[PDB]
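The block underneath contains the structure these notes are about, expressed in structure tokens.
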Amino acid sequence: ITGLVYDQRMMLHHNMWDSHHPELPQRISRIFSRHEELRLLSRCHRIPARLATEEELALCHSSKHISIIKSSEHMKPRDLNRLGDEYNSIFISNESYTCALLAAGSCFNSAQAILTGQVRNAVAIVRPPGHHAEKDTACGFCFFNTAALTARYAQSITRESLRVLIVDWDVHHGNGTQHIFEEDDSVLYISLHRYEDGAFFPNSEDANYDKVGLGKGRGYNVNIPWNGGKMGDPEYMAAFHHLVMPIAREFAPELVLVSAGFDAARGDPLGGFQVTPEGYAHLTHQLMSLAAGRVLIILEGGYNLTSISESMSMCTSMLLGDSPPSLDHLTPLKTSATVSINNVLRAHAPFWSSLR
Ligand SMILES: Cc1ccc(NC(=O)CN(Cc2ccc(C(=O)NO)cc2)C(=O)c2ccc(N(C)C)cc2)cc1
Ligand SMILES: [K+]
Ligand SMILES: [K+]
Ligand SMILES: [Zn+2]
């Protein structure tokens with residue numbers, strides 16, 4: 001069984017000053033509608049949304065950050081505008097806090113359904129996104145780090161040392177997820193992201209391949225940064241073959257979370273990349289070979305409504321057990337992708353015998 005969570009209340013968060021903002025309420029409704037059109041919704045077990053609690057938010061976030069985001073829901077528009085402007089790339093409305101609580105709680109209910117055996121795997125069609133949010137601050141359309149919180153929630157309902165893999169295929173680096181787990185060997189973070197020598201959002205050298213983790217976490221942070229090329233299916237498939245899957249298999253996760261932005265998709269106006277819906281299906285199907293299939297796909301970014309709807313629907317089709325669609329596997333890689341892959345191999349060979 002595959003679970004699906006979607007709740008139209010998460011559409012209530014919006015940019016009060018721009019009706020054409022990329023992080024649009026219709027992102028989640030279009031994805032949900034496409035699941036109905038492709039006859040996937042009726043095949044899934046519907047998992048209800050719920051609110052995260054403040055104690056659950058404190059698994060990854062500071063009390064001050066929780067209280068400031070909570071305080072926004074009382075503010076008049078002028079004060080919402082001021083507060084949002086204090087962060088990097090954030091808009092806030094009076095519904096934002098509630099929507100962020102529902103995004104996280106939806107994912108907790110999904111992780112619980114997987115870990116208790118009610119479903120094998122699941123998809124969560126949620127907003128606002130999470131992976132840029134830090135312990136102490138909001139960033140990049142994200143208020144609380146839904147995927148990071150879900151990893152800690154999973155440990156909280158099992159054992160502290162439950163091995164959780166987070167694969168982040170959003171086109172942007174999940175700076176918050178990296179930082180939250182940087183010293184932690186129980187949560188392996190693997191991000192693929194457009195980097196451009198630190199020029200691309202979120203504009204930090206923390207996203208480079210030589211950031212391998214700290215302390216006991218050394219080797220448990222895998223950054224795969226792309227420079228120069230318009231990356232697509234062959235480059236992501238090659239990164240999975242040489243890096244993501246060998247490392248993940250050696251880590252032997254007990255739960256896989258996907259920070260599944262669809263902003264690397266063909267058609268995305270921000271990402272500039274060309275991963276196809278069939279490409280995302282192949283990435284999902286590979287991850288399904290891990291953790292006895294216990295995979296939760298969590299929406300992050302993605303800004304072409306057609307692209308994200310087709311891409312995420314293809315991922316759900318794979319979770320349901322459908323045959324992976326045909327792909328032209330032979331295609332030659334862009335030259336800069338091979339350079340990136342080799343840089344990651346050089347940085348991570350000391351930590352992973354599967355790369356030696
Ligand atoms: C001079 C200058 C200043 C700032 C920037 N900002 C960036 O570099 C990143 N951001 C914001 C952003 C985009 C996507 C994500 C994300 O979470 N993705 O998953 C997270 C954050 C954008 O570029 C952006 C912002 C607004 C847009 N509107 C209203 C059409 C379009 C693009 C660039 C130059
Ligand atoms: K990423
Ligand atoms: K880590
Ligand atoms: Zn993104």
Side-chain angles (χ1 to χ4, degrees), residues 34 38 165 167-173 190-197 199-200 207-209 222-249 256 258-290 295 297 300-329 331-349 352 354-355:
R34 192 76 184 126
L38 292 173
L165 168 62
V167 174
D168 185 335
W169 73 42
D170 186 288
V171 81
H172 301 103
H173 185 237
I190 305 181
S191 178
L192 306 102
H193 41 273
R194 187 172 179 184
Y195 181 61
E196 314 294 358
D197 297 332
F200 201 71
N208 211 355
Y209 59 85
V222 185
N223 280 334
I224 304 171
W226 305 121
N227 302 298
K230 182 172 184 184
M231 305 312 187
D233 291 356
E235 295 71 39
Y236 279 72
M237 291 294 285
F240 266 54
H241 176 81
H242 293 284
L243 284 164
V244 182
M245 297 305 299
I247 298 178
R249 280 189 292 264
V256 179
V258 191
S259 272
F262 297 99
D263 45 8
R266 180 190 67 211
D268 194 275
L270 302 193
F273 277 6
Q274 50 190 341
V275 181
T276 72
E278 295 79 14
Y280 286 110
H282 278 255
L283 303 183
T284 301
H285 189 261
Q286 291 182 46
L287 297 183
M288 293 172 60
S289 73
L290 302 168
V295 178
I297 301 183
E300 301 276 10
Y303 306 102
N304 176 316
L305 301 175
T306 295
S307 297
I308 71 183
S309 296
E310 191 67 27
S311 300
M312 192 168 213
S313 289
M314 285 295 311
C315 294
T316 305
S317 177
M318 296 303 94
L319 295 185
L320 286 162
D322 296 340
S323 292
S326 67
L327 214 73
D328 288 327
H329 291 88
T331 316
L333 279 215
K334 275 149 188 62
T335 291
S336 61
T338 298
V339 175
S340 287
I341 290 165
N342 291 339
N343 288 339
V344 188
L345 288 170
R346 205 173 305 114
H348 278 279
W352 299 102
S354 54
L355 314 173

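Numbering starts at 1 and runs along the sequence shown. Note: hydrogens, waters and symmetry copies are ignored here, and every other heavy atom, side chains too, is used.
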To the nearest 0.5 Å, tell me how far [X] [atom1] sits from [Y] [atom2].
| X | Y | atom1 | atom2 | result |
| --- | --- | --- | --- | --- |
| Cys315 | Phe262 | SG | CZ | 4.0 Å |
| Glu300 | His172 | CD | NE2 | 11.5 Å |
| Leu333 | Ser340 | CG | OG | 10.5 Å |
| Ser336 | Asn343 | OG | CG | 10.5 Å |
| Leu165 | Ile247 | CG | CD1 | 10.0 Å |

Query - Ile224/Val244 under side chain to side chain contact (heavy atoms under 4.5 Å, CB included): CA gap, chis, key distance, verdict - result: CA-CA 9 Å; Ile224 304 171; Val244 182; 3.9 Å; yes
A side-chain contact here means heavy atoms from C-beta on lying under 4.5 Å apart; do [X] and [Y] qualify?
| X | Y | answer |
| --- | --- | --- |
| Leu319 | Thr284 | yes |
| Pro325 | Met314 | yes |
| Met245 | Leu287 | yes |
| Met312 | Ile297 | yes |
| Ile190 | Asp168 | no |
| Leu355 | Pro246 | yes |
| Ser354 | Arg249 | no |
| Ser191 | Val222 | no |

Under the 3.5 angstrom rule, does the side chain of [X] hit a backbone N or O of [Y] as a donor-acceptor pair?
| X | Y | answer |
| --- | --- | --- |
| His193 | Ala207 | yes |
| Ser309 | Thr306 | no |
| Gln274 | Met231 | no |
| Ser289 | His285 | no |
| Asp322 | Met318 | no |
| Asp263 | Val171 | yes |

For [X] against [Y], the heavy-atom pair lying closest together:
| X | Y | answer |
| --- | --- | --- |
| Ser311 | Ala265 | OG-CB, 4.2 Å |
| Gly271 | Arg194 | O-NH1, 2.8 Å |
| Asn227 | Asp197 | OD1-N, 2.9 Å |
| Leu345 | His242 | CD2-O, 3.6 Å |
| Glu235 | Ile341 | O-CD1, 4.4 Å |
| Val344 | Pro225 | CG2-CD, 4.1 Å |

**Item:** Partners passing salt bridge (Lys or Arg N to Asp or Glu O under 4.0 Å) against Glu278 (at least two apart in sequence or in another chain)
**Value:**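 Residues passing salt bridge (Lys or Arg N to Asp or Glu O under 4.0 Å) with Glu278: none at all.
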| query | Mind checking what makes salt bridge (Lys or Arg N to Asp or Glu O under 4.0 Å) contact with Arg34, not counting sequence neighbours? | reply |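 Only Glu37, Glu310 meet the salt bridge (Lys or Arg N to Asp or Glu O under 4.0 Å) criterion with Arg34.
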Donor-acceptor side-chain pairing of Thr276 and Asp233 below 3.5 angstrom | yes
- [ ] Please step through side chain to side chain contact (heavy atoms under 4.5 Å, CB included) for the pair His173 and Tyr195, ending with a clear verdict.
- [x] CA-CA 8 Å; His173 185 237; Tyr195 181 61; over 6 Å; no
Before you tell me yes or no, could you show the steps for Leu283 and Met237 under side chain to side chain contact (heavy atoms under 4.5 Å, CB included), namely the whole-Å CA-CA distance, both residues' side-chain angles and the distance that decides it to 0.1 Å? CA-CA 7 Å; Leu283 303 183; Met237 291 294 285; 4.0 Å; yes
| message | Would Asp170 and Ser259 count as a side chain to side chain contact (heavy atoms under 4.5 Å, CB included) here? Give the steps. | response | CA-CA 7 Å; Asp170 186 288; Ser259 272; 5.6 Å; no
Report task. From the options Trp169, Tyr236, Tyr209, select the one residue that forms a ring pair (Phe, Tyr, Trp, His ring centres under 6.0 Å) with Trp226. Result ->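 The option that passes is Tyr236.
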